[PDB]
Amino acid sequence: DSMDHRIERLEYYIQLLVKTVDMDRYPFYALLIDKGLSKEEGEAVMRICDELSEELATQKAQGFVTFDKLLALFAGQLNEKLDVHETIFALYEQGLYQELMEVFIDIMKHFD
């Protein structure tokens, strides 16, 4: 009964605390919480980044120098609660998947 009220308060406090996160350091984690992704969803985003980063390294080893298709695949599978640009810049700023993010930022720069 009141266990629900305890949980609501905790939910309110997380909403307050995420507002105190240094956005220059952990914007991606702030994004996950702010957009309400579950653990499964958050992990699914990372797996997409893992696989596309691994595909990028593989293609580079094979002599590929353009990887525009990787961004389209990313955009096509990324959780719809998230914005592509916003997620990429957040991952980038938090220091995650650097190689892949720099490639995505480069591609967006060419087409935006």
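Note that residue numbering begins at 1 and tracks the sequence as displayed.
Higher mean CA temperature factor, per the PDB entry, when comparing 21-29 with 99-107: 21-29. The mean Cα B-factor in the deposited entry runs higher for 78-86 than for the other of 78-86 and 45-53. Among the modelled residues of its chain, residue 70 has a C-alpha B-factor that falls in the lowest third, as given in the PDB entry. In the deposited entry, the Cα temperature factor of residue 91 sits in the bottom third of values across the chain's modelled residues.
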